[PDB]
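# Per-entry structural report
Each chain, letter by letter, is given below.
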There are 4 protein chains.
Amino acid sequence: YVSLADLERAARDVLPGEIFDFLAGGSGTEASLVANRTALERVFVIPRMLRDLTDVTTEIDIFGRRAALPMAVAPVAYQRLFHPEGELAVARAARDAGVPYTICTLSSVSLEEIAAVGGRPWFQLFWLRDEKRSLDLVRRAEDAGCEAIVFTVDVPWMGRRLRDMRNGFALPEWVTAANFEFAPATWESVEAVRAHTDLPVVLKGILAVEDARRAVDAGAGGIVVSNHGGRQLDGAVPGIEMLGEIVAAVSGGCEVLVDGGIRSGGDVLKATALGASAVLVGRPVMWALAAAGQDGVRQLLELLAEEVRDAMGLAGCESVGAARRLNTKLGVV
Amino acid sequence: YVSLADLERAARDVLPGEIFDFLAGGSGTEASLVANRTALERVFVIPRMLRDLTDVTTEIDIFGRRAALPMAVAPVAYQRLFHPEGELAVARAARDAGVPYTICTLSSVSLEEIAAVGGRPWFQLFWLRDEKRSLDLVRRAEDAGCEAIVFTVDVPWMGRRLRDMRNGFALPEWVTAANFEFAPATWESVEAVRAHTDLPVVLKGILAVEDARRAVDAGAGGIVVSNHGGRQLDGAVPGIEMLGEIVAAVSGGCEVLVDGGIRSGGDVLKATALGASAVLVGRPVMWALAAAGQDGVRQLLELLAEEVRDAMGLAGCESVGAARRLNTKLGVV
Amino acid sequence: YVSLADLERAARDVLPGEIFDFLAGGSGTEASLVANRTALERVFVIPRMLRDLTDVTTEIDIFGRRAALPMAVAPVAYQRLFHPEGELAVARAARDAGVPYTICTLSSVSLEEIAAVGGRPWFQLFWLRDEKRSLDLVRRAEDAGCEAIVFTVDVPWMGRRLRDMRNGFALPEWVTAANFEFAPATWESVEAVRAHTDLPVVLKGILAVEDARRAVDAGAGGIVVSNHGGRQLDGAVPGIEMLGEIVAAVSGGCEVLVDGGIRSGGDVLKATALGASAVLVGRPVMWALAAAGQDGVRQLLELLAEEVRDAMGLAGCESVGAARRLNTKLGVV
Amino acid sequence: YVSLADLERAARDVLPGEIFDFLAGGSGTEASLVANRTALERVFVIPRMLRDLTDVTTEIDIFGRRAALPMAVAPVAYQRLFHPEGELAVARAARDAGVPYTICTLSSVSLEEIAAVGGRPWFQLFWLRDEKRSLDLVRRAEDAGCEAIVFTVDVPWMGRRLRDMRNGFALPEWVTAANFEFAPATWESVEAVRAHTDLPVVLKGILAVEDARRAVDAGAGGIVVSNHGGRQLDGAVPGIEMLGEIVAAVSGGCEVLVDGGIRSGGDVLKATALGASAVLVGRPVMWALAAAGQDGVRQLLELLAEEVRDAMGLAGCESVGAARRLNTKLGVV
Ligand SMILES: Cc1cc2c(cc1C)N(C(=O)CC(=O)O)c1c([nH]c(=O)[nH]c1=O)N2C[C@H](O)[C@H](O)[C@H](O)COP(=O)(O)O
Ligand SMILES: Cc1cc2c(cc1C)N(C(=O)CC(=O)O)c1c([nH]c(=O)[nH]c1=O)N2C[C@H](O)[C@H](O)[C@H](O)COP(=O)(O)O
Ligand SMILES: Cc1cc2c(cc1C)N(C(=O)CC(=O)O)c1c([nH]c(=O)[nH]c1=O)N2C[C@H](O)[C@H](O)[C@H](O)COP(=O)(O)O
Ligand SMILES: Cc1cc2c(cc1C)N(C(=O)CC(=O)O)c1c([nH]c(=O)[nH]c1=O)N2C[C@H](O)[C@H](O)[C@H](O)COP(=O)(O)O
């Protein structure tokens with residue numbers, strides 16, 4: 001595999017069409033899904049030359065842990081849909097690569113099993129109609145050694161995924177929500193979580209500048225600027241288009257991550273030059289899992305690590321902090 | 001049906017090609033017809049998160065009536081071209097959905113029959129060479145219980161519809177203007193109508209900011225920002241591209257509706273975020289009528305209602321007023 | 001024929017490929033040829049409503065003559081390439097339509113024969129190595145009743161027309177320059193012409209704002225903002241993209257015409273809304289001549305007249321002066 | 001051959017696919033390779049008219065030598081890949097055309113042999129792990145009569161060329177680096193070179209404005225604004241998009257060249273109108289070499305000379321300095 005696109009082809013061969021569609025699809029007309037890619041393709045980096053590259057490092061410190069890359073595996077529900085080892089295969093590869101893995105509320109293996117893999121994982125929370133179950137998931141996650149609570153705030157309910165409707169997609173009998181329905185989360189829910197844990201709370205799905213400011217005021221340790229991979233509001237702006245304005249507004253008050261459409265180390269570089277602390281990567285990790293299990297995810301993460309190192313050094317950046325100081329220019333594709 | 005596009009396919013199968021072309025076509029090169037869609041596709045919404053969505057409502061009050069959605073059925077002439085029940089099928093479905101229906105001057109069933117369906121309808125006026133016939137239509141409409149006069153001001157004559165010319169299209173013998181030629185309307189005509197009725201007068205086909213201001217000064221209760229679905233001046237700007245400037249200029253002095261290219265609940269959301277009070281929907285309603293009569297229109301309106309509720313809640317909006325306060329960002333498609 | 005595009009298809013059938021290529025082609029990669037069309041397609045008109053259209057007139061006064069439309073036939077060399085009656089067929093149709101016809105220096109019928117058709121024609125000058133021959137053409141033109149000298153200033157030599165090179169195109173033996181090599185014209189040449197005639201001198205091929213100003217200072221009665229239909233410098237900006245800036249800079253000091261890509265009455269409207277006094281139309285007139293001779297040109301001019309009247313009235317304009325006061329908005333195609 | 005594109009077709013026929021891919025390809029997704037062309041296609045020139053063109057000259061003085069065109073042959077490694085005479089064929093054609101030729105560090109014929117061809121050549125330096133070998137190449141180049149040191153600063157290592165990876169491309173046994181591994185160059189390396197030679201040092205691969213300023217402060221005689229033909233950082237901005245800002249920032253303190261995507265005389269004109277002193281041309285020279293050896297390169301340079309003269313004169317420019325004073329306008333393609 002020499003690009004992430006090699007893995008999408010591999011995953012399309014092996015997966016059943018309706019599972020590939022569950023993974024690939026977006027809501028509505030898939031306008032936001034496509035725009036996540038268009039928006040990255042329009043960003044060009046202005047590289048610097050003639051800097052010392054003796055010790056290029058792609059490491060970052062985030063939420064109290066060193067990570068090997070400015071990247072984490074996005075929360076993706078039901079990973080046994082893609083491979084029989086599901087979440088355990090992905091979490092093992094992430095651990096071995098030094099990349100944080102986000103354990104999902106809708107994981108198909110229990111969060112305690114996945115946390116036992118090691119690797120200092122994060123836990124993604126959905127707010128539930130039964131509030132007490134949500135705060136219990138939080139405490140379970142903390143008890144199992146998760147290091148951050150990624151509270152997904154853009155799913156008061158699931159978006160309208162027309163591929164899934166047209167396919168009549170449902171979970172196979174052999175795939176379940178192993179940690180066991182949505183209630184809309186509010187700022188009150190955020191405060192209840194913040195009071196229930198000393199772990200950093202990261203709000204995932206923020207796009208408005210005012211909501212990023214309010215997240216800092218609410219005591220969030222981070223946000224993920226995100227339109228949920230184009231799967232929630234169809235017509236929601238790409239996170240990458242809001243990222244620079246949001247980074248300026250929070251002015252270092254929390255970590256600002258971005259996701260949606262990251263498909264190479266060069267894309268990681270673009271996100272960091274626009275001011276991201278780190279990115280999440282979703283679909284490509286599942287392509288690698290579908291294609292070749294744990295080893296597939298290992299190969300993807302090694303490829304991404306090589307691409308990130310290559311892009312940083314070609315742009316004159318010996319550290320991720322230097323990459324955040326790069327300038328960009330919008331172009332035409 | 002899971003999108004409005006399902007219905008266009010269904011209508012293309014059943015209708016004669018020349019009737020499908022009468023419905024689908026625009027004037028000239030169809031530049032404005034295409035631009036209505038391009039313009040909406042370029043608008044992205046910046047959704048808000050973590051708001052109270054306990055009681056999401058899509059209702060609005062407009063021209064003294066509660067409507068179930070910020071939407072009305074656009075005036076489309078000669079609906080018996082599309083289905084034998086024509087206007088009565090559409091008006092019954094609109095009534096049952098709580099959506100205003102606009103009765104046309106060129107309706108193929110008389111305005112009194114359509115008004116008898118109920119549902120508090122509106123009436124669309126064309127100015128006629130014989131002025132007295134125009135003011136008589138207005139009084140007929142008012143006597144029959146119509147609740148607003150939608151004065152179409154962008155048809156001094158019909159545009160050059162090249163599909164119709166190439167098809168040699170004419171009305172079948174079985175379709176007539178049942179209320180029974182154009183004269184250009186002027187601001188004097190508007191005042192004559194305003195003096196003849198206490199109903200709100202809504203000027204449909206406004207695109208210039210100055211004309212929107214003058215409409216308020218003339219005592220209009222509303223305007224529809226519109227290029228007539230690309231059927232009048234070819235090269236006229238889309239209404240959606242003028243809407244924000246027009247909403248700022250009238251500064252609440254009348255209702256500001258928009259039409260042209262609305263094809264989903266997400267499109268309704270975009271229009272409201274740009275400041276529209278409500279939208280009109282034309283061709284999709286006729287697709288549903290062609291495909292399946294009254295039940296088809298019912299299914300379309302239920303689908304649009306679901307999409308509007310979904311989009312509003314995903315964007316953090318418990319009311320249409322909140323959706324009007326959303327911000328937008330132009331993107332590249 | 002219901003659009004100008006009907007005539008291009010008709011002309012492509014009948015003409016030999018290499019003559020069609022001489023007519024259709026541009027210089028280099030044909031970037032400026034394509035951009036002439038792209039630029040018009042990006043312009044949208046903001047029409048006005050509810051104006052008095054009792055007596056819509058498309059007439060203008062220009063260079064001391066009433067013209068029936070804000071349009072003249074562009075100078076196109078060697079019209080016997082397209083039809084055996086060549087220039088006489090076109091000039092007769094232009095006369096009968098009330099449209100000025102530009103007699104070319106490289107006409108395939110002598111300028112005195114074409115002027116004898118009547119219709120108050122214009123004469124297009126190329127500067128010649130032998131200056132005295134240029135001033136003699138001017139005096140011949142004036143003696144024959146031409147009413148303006150259109151001095152083409154963008155041909156110090158002919159551009160690189162790669163279709164013609166690839167075809168090895170040459171004039172058939174039966175087509176000659178009947179008025180009988182280029183020398184670059186300079187501002188000194190302009191003054192020599194201005195001193196030799198009392199007719200208005202119109203400089204065709206101006207694109208820089210400073211050159212439009214200097215044209216007024218030099219005593220020009222008009223300019224044609226033009227990149228020679230994309231046939232001269234490949235990569236030259238379209239005239240339509242410079243027109244608004246040029247109209248503001250000359251601030252009524254001369255007539256400002258534009259050409260390049262005009263293919264409908266709506267395009268004429270766009271040009272006038274951007275401030276043009278009038279347009280020239282080149283290739284479509286030759287398509288009509290190829291397709292059907294004098295009658296073909298008559299049909300084209302009647303179609304353009306109908307489209308101009310239609311577009312003006314739909315945009316609320318009872319006169320060309322009102323159309324020049326319309327506003328425009330750039331869009332995305 | 002009537003355009004440079006004729007030669008690409010000719011070279012694709014004759015070369016082995018993997019050698020054509022080595023020549024044509026870029027890094028990553030080839031976004032920067034494509035953007036080099038898109039960026040030029042968006043630039044339109046505003047030509048001037050009616051200027052004296054008695055003695056149009058395309059000559060420039062650069063680095064103490066008159067050159068026949070504002071163009072040099074870019075450094076392209078391993079030219080025996082394309083033709084058995086490799087660098088000697090290209091250097092002979094460049095000499096005879098009066099165009100500087102850049103001898104590569106990775107030339108497949110020794111730099112002393114190529115310099116013996118004559119034509120006052122330049123020498124392109126890569127910094128080597130063994131510094132002393134780099135300064136020895138510099139002194140060899142100077143001893144052999146090279147007139148400038150083109151220090152390539154955008155290759156701390158080679159980019160990820162996915163075509164080459166997919167092809168498993170390696171040099172044939174018959175092609176070697178005849179002057180005989182990378183170390184990252186720094187500003188210290190630049191100073192070491194500047195101290196080792198009195199020849200002008202030209203830094204190739206600058207894109208950031210600050211790096212162009214620093215190059216002047218470091219005593220560079222020139223820079224090449226360049227993304228290495230899209231072969232280094234994928235997602236690096238095109239040089240042509242940075243050129244105007246860089247020319248303003250250095251404000252005559254060094255020569256500012258540009259490369260990437262130059263494919264005609266019109267493209268040379270665009271680059272000069274954006275302020276370049278001169279361009280480099282890479283792939284087209286290798287197409288001509290592949291197609292027809294020395295004579296092929298001669299034909300390409302004669303074609304480019306004709307196109308540059310044509311474009312300059314059509315734009316009213318009797319000298320390259322006048323072309324640098326032309327204005328441009330961005331358009332839409
Ligand atoms: C592709 C995919 C993404 C997601 C999910 C499933 C799939 C198949 N999950 C759900 O389906 C939730 C549900 O079923 O309601 C899910 C989720 N986000 C989250 O917080 N919890 C989730 O549990 N996401 C978005 C994700 O984390 C990234 O935001 C996006 O993947 C970045 O974009 P890319 O894919 O272009 O890298
Ligand atoms: C598709 C269609 C539209 C219209 C009509 C017929 C058809 C087949 N009517 C006429 O043909 C009038 C005539 O025959 O002179 C008609 C009319 N508008 C109006 O005031 N009175 C009309 O009587 N319109 C425009 C409409 O109300 C919306 O402005 C547009 O449909 C929103 O765009 P969309 O279709 O993308 O939702
Ligand atoms: C299509 C065509 C145009 C022209 C010519 C021939 C053809 C086949 N003539 C020449 O070939 C001159 C030569 O042989 O050196 C010619 C000329 N302009 C001029 O002053 N004198 C000419 O004698 N033009 C440009 C024209 O007048 C318009 O500028 C352009 O046509 C508007 O664009 P459109 O075509 O999109 O409407
Ligand atoms: C096409 C091609 C270009 C280059 C190379 C090989 C090929 C096949 N060289 C290398 O492969 C170096 C390596 O092997 O590490 C090479 C090089 N630049 C340089 O300083 N030294 C080099 O030795 N370039 C870039 C060049 O000089 C121009 O920047 C670019 O070609 C302008 O763009 P265009 O091609 O669109 O005109």
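As drawn, each chain counts its residues from 1 in written sequence order, possibly unlike the entry's numbers, and residues without coordinates are not displayed. Each chain takes a letter, starting from A, and each ligand takes a number, starting from 1, following the order in which they are written. Heavy atoms from the whole structure form the basis of all side-chain values; hydrogens and water molecules are not counted.

By the method listed in its record, X-ray crystallography, this PDB entry was determined to a resolution of 1.501 Å.

Next up on the list: the relation of the copies chain A and chain D. Mapping chain A onto chain D calls for a screw motion: a turn of 90° about the axis and a shift of 0.0 Å along it, with 0.0 Å RMSD after fitting. Taken together, the rotation angle and the small translation identify this as a four-fold axis. Taking C-alpha positions as the reference, the residue of chain A nearest the rotation axis is A:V332, at 6.5 Å. Each copy is placed on the others by a least-squares superposition of C-alpha atoms.

Another point: the site of ligand 2. All names here are of chain B. What makes a residue near a molecule or strand is one non-hydrogen atom of that residue sitting within 4 Å of it. In the region of ligand 2, 24 residues are neighbours, and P75, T152, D259, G261 and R263 sit closest. Take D259: an N or O atom from its side chain is 2.7 Å from an oxygen atom of ligand 2. Under this definition, polar contacts are N or O atom pairs within 3.5 Å; protein pairs additionally need one hydrogen-donor-capable and one acceptor-capable atom, and for neighbouring residues in sequence, both atoms have to be side-chain atoms. Residue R263 places a side-chain N or O atom 2.8 Å away from an oxygen atom belonging to ligand 2. Class assignment of the residues belonging to the shell around ligand 2 gives a composition of 10 nonpolar, eight polar and six charged. Charged residues are taken to be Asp, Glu, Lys and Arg, nonpolar residues to be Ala, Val, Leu, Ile, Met, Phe, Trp, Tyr, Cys and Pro, and polar residues to be all remaining types, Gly included.

Frequently, the measure chosen for interface size is the accessible area that the parts lose on association. Every contact between the two is made by 28 residues of chain A and, on the other side, 33 residues of chain D. Counting each side, the surface lost to burial between chain A and chain D is near 2,500 Å², with a carbon and sulfur contribution of 67%. Looking only at chain A, the three residues that lose the most surface to chain D are A:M49, A:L50 and A:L314, adding up to 30% of its buried area. For D:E241, the salt bridge goes to A:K329, with nearest N and O atoms at 2.8 Å. There are eight residue pairs in polar contact connecting chain A and chain D. A run of H or I in DSSP becomes a helix once it reaches four residues, and a run of E becomes a strand once it reaches two; helices and strands are each numbered from the N terminus. Among the secondary structure elements, those contributing two or more residues to the side of chain A that touches chain D are α1 (4-14), β1 (43-46), α11 (265-273), α12 (283-314) and β12 (327-330) of chain A. Ranked by the residues each element gives to the side of chain A that touches chain D, the list is headed by α12(A), at eight residues. Split into classes, the residues belonging to the side of chain A that touches chain D amount to 14 nonpolar, three polar and 11 charged. We call two residues contacting when some pair of their heavy atoms lies within 4.5 Å. A quick way to say it: buried area is the sum, across both parts, of accessible area lost when two parts are put together, with a 1.4 Å probe. Salt bridge, as applied in this entry: a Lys or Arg side-chain nitrogen positioned within 4 Å of an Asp or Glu carboxyl oxygen.

Bringing the interface of chain D and chain C into the picture now. On the side of chain C, 33 residues touch chain D, which itself brings 28 residues to the contact. Buried area between chain D and chain C, summed over both chains or domains, comes out near 2,600 Å², and the portion from carbon and sulfur atoms is 67%. Three residues stand out in chain D for area buried against chain C, namely D:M49, D:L50 and D:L314, and they jointly supply 30% of the buried area on that side. For the interface between chain D and chain C, the tally reads three salt bridges. At the surface where chain D touches chain C, the tally comes to eight residue pairs in polar contact. For the side of chain D that touches chain C, the secondary-structure elements that each account for two or more residues are α1 (4-14), β1 (43-46), α11 (265-273), α12 (283-314) and β12 (327-330) of chain D. Per-element tally for the side of chain D that touches chain C: the top contributor is α12(D), with eight residues. Tallied by class, residues from the side of chain D that touches chain C come to 14 nonpolar, three polar and 11 charged.

Residue and element names in this part refer to chain B. Axes here mean lines fitted to C-alpha atoms, for a helix over just the part in contact, with angles spanning 0 to 180 degrees between N-to-C directions. In the contact formed by helix α1 (residues 4-14) and helix α12 (residues 283-314), the axes pass within 10 Å of each other and the chain directions differ by 180°. Here α1 is positioned roughly antiparallel relative to α12, judged by the angle of their axes. Contacts between α1 and α12 pair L4, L7, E8, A10, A11 and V14 from the former with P284, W287, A288, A290, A291, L300, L303, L304 and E307 from the latter. Tallied by class, residues from the contact of α1 with α12 come to 13 nonpolar, no polar and two charged. In these notes the angle categories are as follows: under 35 degrees is roughly parallel, over 145 is roughly antiparallel, 65 to 115 is roughly perpendicular, and the rest is oblique.

Further remarks concern unusual backbone geometry. One non-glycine residue, A:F63, lies in positive phi territory at about 50°. Residue placement: A:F63 occurs in the loop between β2 (60-62) and β3 (65-67). The residue B:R120 is not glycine, and still its phi comes out positive at about 35°. Topologically, B:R120 is positioned in the loop between α5 (111-116) and β6 (122-125). Note on exposure labels: buried denotes an accessible area under 20% of the residue type's maximum, exposed denotes more than 50%, and partly exposed covers the range between, all computed with a 1.4 Å probe on protein chains only. Its relative accessible area of 37% is what places B:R120 among the partly exposed residues.

Glancing now at the site of ligand 1. Residues and elements named next belong to chain A. Near ligand 1 there are 24 residues, and of these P75, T152, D259, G261 and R263 occur at the shortest range. Here a nitrogen atom of ligand 1 sits 3.3 Å away from a polar atom, N or O, in the side chain of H228. In this structure, an oxygen atom belonging to ligand 1 sits 3.4 Å away from a side-chain N or O atom of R231. Computed by Shrake-Rupley with a 1.4 Å probe, the accessible areas treat only the displayed protein chains as cover when residues are assessed. Coverage of ligand 1 by the protein chains reaches 99% of its 690 Å² of free accessible surface. Of the residues belonging to the shell around ligand 1, the class tally is 10 nonpolar, eight polar and six charged.

It is worth spelling out the sheet that holds strand β10 (residues 255-258) of chain B at this point. All names here are of chain B. Strand order in the open sheet formed by eight strands is β4-β11-β10-β9-β8-β7-β6-β5, and the pairing between neighbours is parallel. Edge positions in the sheet fall to β4 (71-73) and β5 (102-104), since each has one partner strand and no second. Neighbouring strand axes in the sheet, compared pairwise and without regard to direction, differ in orientation by 30° on average. Between any two strands, pairing holds if DSSP finds at least two bridges. With four bridges connecting them, strand β7 (residues 149-152) and strand β8 (residues 201-206) associate as parallel partners.

A separate point is the pairing of strand β6 (residues 122-125) of chain A. Residues and elements named next belong to chain A. Burial of the side chains of β6 extends over both faces: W122 and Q124 are buried on one face and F123 and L125 on the other. Looking at chain direction, strand β5 (residues 102-104) and β6 are connected through three bridges and run parallel. By the bridge assignment, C104 is partnered in β6 with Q124. Looking down the strands as they point away from you, a crossover is right-handed if its path from the first strand over the helix to the second goes clockwise. In this region the chain leaves β5, passes through helix α5 (residues 111-116) and returns to the parallel neighbour β6; the handedness of that crossover is right-handed. Pairing of β6 with strand β7 (residues 149-152), which is carried by three bridges, proceeds in the parallel orientation. Bridge pairing in β7 places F123 opposite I149. Crossover connection from β6 via helix α6 (residues 131-143) to parallel β7: handedness right-handed.

Residue and element names in this part refer to chain C. Here the expected length of a helix is defined as 1.5 Å per residue gap, with one fewer gap than residues. Given a rise of 1.5 Å per residue, 32 residues ought to cover 46 Å, yet the end C-alpha atoms of helix α12 (residues 283-314) are separated by just 27 Å, more than 12% below that figure. In α12, a bend of some 135° at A292 exceeds every other bend along the element. Backbone geometry just after α12 places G316 at a positive phi near 80°. To obtain the bend at a residue, axes are fitted to the seven residues ending there and to the seven starting there, and the angle between these axes is taken.

Turning our eyes to something else, we now look at the packing of aromatic side chains. What counts as a ring pair is set by centres within 6.5 Å for rings of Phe, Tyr and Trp (its six-membered ring), and what kind of pair is set by the plane angle: stacked under 30 degrees, edge-to-face over 60, tilted for all other angles. A full pass over the atoms with the stated rule returns 16 aromatic pairs over all chains. Arranged with centres 5.1 Å apart and planes meeting at 20°, the rings of B:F22 and B:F169 form a pair that is stacked. Of this pair, B:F22 sits in helix α2 (residues 17-24) while B:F169 sits in the loop between α7 (162-167) and α8 (187-196), and the two are 147 residues apart along the sequence. Relative accessible area serves as the criterion here: at 18%, B:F169 is assigned to the buried category. Sitting over the ring of A:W157, B:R309 keeps its end group 4.4 Å from the ring centre. Any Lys NZ or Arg CZ found within 6 Å of a ring centre and within 35 degrees of that ring's normal is scored as a charge over the ring. A cation over an aromatic ring shows up here: C:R231 above the ring of C:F22, its NZ or CZ 5.1 Å from the ring centre.

Residues and elements named next belong to chain A. Direction vectors running N to C along helix α4 (residues 86-97) and α12 enclose 20°, while the axes themselves pass 8 Å from each other. By the angle class used here, α4 and α12 are roughly parallel. For the pair α4 and α12, the sense of crossing is left-handed. Along its contact with α4, which presents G86, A89, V90, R92, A93, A94, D96 and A97, the element α12 presents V285, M286, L289, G293, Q294, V297, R298 and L301. Here the contact of α4 with α12 is composed, by residue class, of 10 nonpolar, three polar and three charged. A clockwise turn of the near helix away from the far one marks a right-handed crossing, whereas an anticlockwise turn of less than a right angle marks a left-handed crossing.

Residue and element names in this part refer to chain B. For helix α6 (residues 131-143), with 13 residues, the first-to-last C-alpha span of 19 Å sits near the 18 Å given by 1.5 Å per residue. What α6 keeps buried is the set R133, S134, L135, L137, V138, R140 and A141. If you follow the buried residues of α6, they end up packed against α5, β6, β7 and α8. Remark: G145 follows α6 within two positions and exhibits a positive phi of approximately 100°.

By secondary structure assignment, the location of C:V190 is in helix α8 (residues 187-196). A relative accessible area of 2% means that C:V190 is categorised as buried. Separated by 31 residues in sequence, C:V190 and C:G221 place their C-alpha atoms 12 Å apart. With sequence-adjacent residues up to four places away left out, C:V190 is seen in contact with C:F151, C:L203, C:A218 and D:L50.

Turning our eyes to something else, we now look at the pattern of salt bridges. When charged atoms on two side chains of opposite charge get close, those side chains can pair. Tallied over the full model, the rule gives 72 salt bridges over all chains. Here A:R42 and A:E241 are joined by a salt bridge, their closest N and O atoms 2.7 Å apart. A:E241 gets classed as partly exposed once you look at its relative accessible area, which sits at 21%. Across the salt bridge formed by D:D21 and D:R163, the nearest N and O atoms sit 3.0 Å from each other. Taken together, the residues span a long stretch of sequence, with D:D21 in helix α2 (residues 17-24) and D:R163 in helix α7 (residues 162-167) at a distance of 142 residues. Residue D:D21 is classed as buried on the basis of its relative accessible area of 19%. For D:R163, a relative accessible area of 27% gives the class partly exposed.

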